[PDB]
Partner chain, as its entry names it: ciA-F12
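What follows is one chain in C-alpha cells, specifically the form solved without its partner chain.
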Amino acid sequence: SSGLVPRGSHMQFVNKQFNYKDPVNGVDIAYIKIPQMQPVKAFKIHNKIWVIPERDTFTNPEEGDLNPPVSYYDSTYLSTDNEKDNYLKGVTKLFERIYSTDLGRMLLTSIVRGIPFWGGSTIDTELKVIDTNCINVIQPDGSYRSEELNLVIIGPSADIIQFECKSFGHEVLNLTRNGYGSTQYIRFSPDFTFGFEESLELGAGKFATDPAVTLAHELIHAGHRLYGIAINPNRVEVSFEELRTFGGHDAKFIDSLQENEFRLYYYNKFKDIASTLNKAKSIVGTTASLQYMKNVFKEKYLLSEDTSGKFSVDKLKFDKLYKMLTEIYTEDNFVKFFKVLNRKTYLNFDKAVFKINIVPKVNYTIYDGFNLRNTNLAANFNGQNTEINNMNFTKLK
C-alpha cells in the first residue's frame, strides 16, 4: 500500500492516482515536447503543473548525455518503467505531504496562480504569450496543441543528487528578475536523499534529510522565479537566493538595508507590469480574451482597479505578497511544520548520499514521514536516523 489518502476519499492536491502504465488521453496523460527531441510521456498532476518521469536530457544541450566527467552518479537510474512508475507515485506523495500543512497549501496555491506574464510582443500596446512558457501536447489523433504551464517536475541529469530549479531565458528580458516569471523546471528525485550530522543530546548521529523538505526548498525557488523576484545568482560561496530560500537565522545575514533595496526594486518592477496592462489594447493568440488575461494578471500580482478600469499596485498589498514569497515560504519554516530534523544551516550537509523508497506507507507516511507514529521511530527522530532505521536507508558512494 502507498497510503496516498490517509484521510478523506481522494487526494487533495494531485488530481489523479496515476500509473505510468495508464494510457495517454491528451488531457492529463500525454506525450509532450519541450520547445529537437523525442516526445516523452508526461503526467498533469494539477493545473499548470506537469511531471516528467525521465532523466533530464532535454532542457540543456550540454547535458543531453548521462556521462560522469557532493555528487552521485548512476546512468541506470530511472531507465525501467517500474522506476518511472515509482518516481511518479513518489512525487505525488510528496505533494500531498506538503499540501497536508498550512504552509504547503499557501505555497502551492501561490505557485498555481503565478502564471508567467504575457510579455513576448514588440508592440507595447499588445499582449503576447512567450513560447518558452509552454509545451506541445500531443493528442490521440497525433496533433499538437500549445499549453501554458507554470511548473515541471523532471528527473535529475548526470549528477543525480544535484537538485535545482531552472528555466528558459529570454535573449533580452530577465524573466526571473523583472516580475514577469517563466515556466520553472525542477530537477528532483524522491528515490534519493542526502545526509547531515547532528549531536542529539553518546556521539553525533547520522541523519537523512526528509525528501518532503527538499522538494519544498525547490518549490520556494519556483515561487520566487514565477513572480520574477529571484535574487541575481551573482550575489553571494553561497548565493543570497539560496540563503533566503533556506530561511531561519541564515537569511538574517542579509542586511535589512539590502532587503529594502530589493523590496523597493521589485515594487517598481510590478509597477511597470501594471502600466503595460493599462496600455494593452490588442492581443495576439487568437481565442484568448484580452479582458480575461488582464484579470488573470490582476489576480496574480494582486493589483487594484479603479472605476475607469485602470490597474495599479497597492503598497501594503505588494508587501504582503513579497513577504509571503520571500520570508514566510522558507525551508526552515517547513521543518517546523513537519516537525522533523534538518541541518541548521544551508551548507551544513555532509557528502553522504542514500537510496530510499518513500512509496510504501510502512516506510514513509504523508503525516509523519520516516518518523512513524506509535513506533520507536517517533522518538528522537529515529526514523531519520540512518543507523537505527537502517532498513530505510542504503549508503551510497
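Residue numbers count along the first chain shown, from 1.
> Quick one: classify how much of the deposited chain lacks coordinates between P69 and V70, choosing none, 1 to 3, 4 to 9, or 10 or more.
According to the record, 4 to 9 deposited residues lack coordinates from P69 to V70.
> I'd like to know the size of any gap between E201 and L202, counted in deposited residues with no coordinates: none, 1 to 3, 4 to 9, or 10 or more.
Missing residues, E201 to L202: 4 to 9.
> 108-116 versus 304-312: which one carries the higher mean Cα B factor per the record?
According to the PDB entry, the answer is 304-312.
> May I ask you to compare 285-293 and 156-164 by their mean CA B factor in the entry and name the higher one?
The deposited B-factors put 285-293 ahead on the C-alpha mean.
> In terms of CA temperature factor as recorded, identify the highest of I220, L151, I135, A280.
Each of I220, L151, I135, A280 was compared by C-alpha B-factor; the highest is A280.
> Please work out which residue in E327, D255, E241, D102 has the highest C-alpha B-factor recorded for this crystal structure.
Comparing C-alpha B-factors across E327, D255, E241, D102, the top value belongs to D255.
> Split into thirds by Cα B-factor across the chain's modelled residues, where does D272 land: lowest, middle or highest?
It falls in the top third of the chain.
> Which third, lowest, middle or highest, does the C-alpha temperature factor of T345 belong to within its own chain?
Its C-alpha B-factor belongs to the middle third of this chain's values.
> Compared with the other modelled residues in the chain, in which third is the CA B-factor of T92?
Answer is lowest: the recorded C-alpha B-factor places it there.
> Relative to the other modelled residues of the same chain, rank the CA B-factor of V24 and answer lowest, middle or highest third.
CA B-factor rank for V24: middle third.
> Is the Cα B-factor recorded for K206 in the lowest, middle or highest third of its chain?
Within its chain, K206 is a middle-third residue by C-alpha B-factor, going by the deposited values.
Just so it is clear, the following notes concern the form deposited with its partner chain bound, a form of the same protein that is not shown.
> Going by a heavy atom distance of 4.5 Å, is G142 a contact of its partner chain in the deposited complex?
Looking in the deposited complex, residue contacts with its partner chain include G142, since a heavy atom lies within 4.5 Å.
> Spell out, yes or no, whether the shortest heavy atom distance between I138 and its partner chain in the deposited complex is within 4.5 Å.
Result yes; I138 sits at the interface with its partner chain in the deposited complex.
> Could you confirm whether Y31 comes within 4.5 Å of its partner chain in the deposited complex, counting heavy atoms only?
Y31: yes, in contact with its partner chain in the deposited complex.
> Does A378 reach its partner chain in the deposited complex, with heavy atoms at most 4.5 Å apart?
No, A378 sits far enough from its partner chain in the deposited complex that none of its heavy atoms falls within 4.5 Å.
> So which bits of 22-44 sit within 4.5 Å of its partner chain in the deposited complex, heavy atoms only?
Contacts from 22-44: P23, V24, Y31, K33, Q36, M37, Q38, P39.
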